[PDB]
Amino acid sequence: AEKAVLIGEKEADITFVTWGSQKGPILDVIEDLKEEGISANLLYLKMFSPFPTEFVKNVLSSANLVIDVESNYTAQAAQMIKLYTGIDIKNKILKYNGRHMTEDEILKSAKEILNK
């Protein structure tokens, strides 16, 4: 698990999956759920871990001129999870009207999904 970590309890009512920036929002929703007696854990996929230190170091160390190009990525981890493992996660929490959902909105959807 240099590449993915399961945060929380092994068994849980809900297993969230995310990567990147939504980690913190989910971890708070986990704490709020405990208050209602609902358990949840988080499978967190790490982006650049473990880092290729030696490889990057030996490429850049001999370069004439290096230009870092600012970049970004948006995704549901479900697509790549399905690709690699064959599991198709049917439930998802997507962005809501041009922004990520709030913790209260995430909590809301999460319970809805639980009760579905």
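We number the residues from 1 along the sequence you see.
- Judged by mean Cα B factor in the deposited record, 47-55 ranks above the other of 47-55 and 74-82.
- With 83-91 and 27-35 compared on mean CA B-factor from the PDB entry, the stretch scoring higher is 27-35.
- When the modelled residues of the chain are ordered by their C-alpha B factor, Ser62 lands in the highest third.
- Placement of the Cα temperature factor of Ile113 within the chain: middle third of the modelled residues, per the deposited record.
- When the modelled residues of the chain are ordered by C-alpha B-factor, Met101 sits in the highest third.
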